[PDB]
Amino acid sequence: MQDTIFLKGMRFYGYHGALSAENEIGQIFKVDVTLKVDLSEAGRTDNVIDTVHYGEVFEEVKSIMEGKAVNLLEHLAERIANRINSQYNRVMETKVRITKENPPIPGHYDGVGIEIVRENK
């Protein structure tokens, strides 16, 4: 079952980070959420009720990325995956990738971050 619903490159300005200066000025956070969902039912019916509505998922990601500040990307991603898994039983597994394209690191790079994969129980 390799069917998925995805939201790529979501960007939210937030104040997450371990260092107080970054909690102070903030930065853009890029998020990729991929969901394992069997889309064969919606595929035949064309009824939105038989799949996971991506607009709602975005709202969920937004609510966490733009809510209270946390020290780690790991924790934000854990909160996001848990949020999605809890409210959508059709989702079998949630993968969340959060990239800091401009973190507090003296150097030249495209980005740093984390990715976690969590099955829905």
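Just count from 1 along the sequence shown to find any residue number.
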{"property": "Entry-level comparison of average CA B-factors, 62 to 70 and 30 to 38, reporting the higher stretch", "result": "62 to 70"}
{"property": "Of 101 to 109 and 16 to 24, the stretch whose C-alpha atoms average the higher B-factor in the entry", "result": "16 to 24"}
{"property": "Candidate set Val57, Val48, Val91, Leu76 [ranked by C-alpha B-factor, highest]", "result": "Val48"}
{"property": "Third of the chain, ranked by Cα B-factor, where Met1 sits", "result": "highest"}
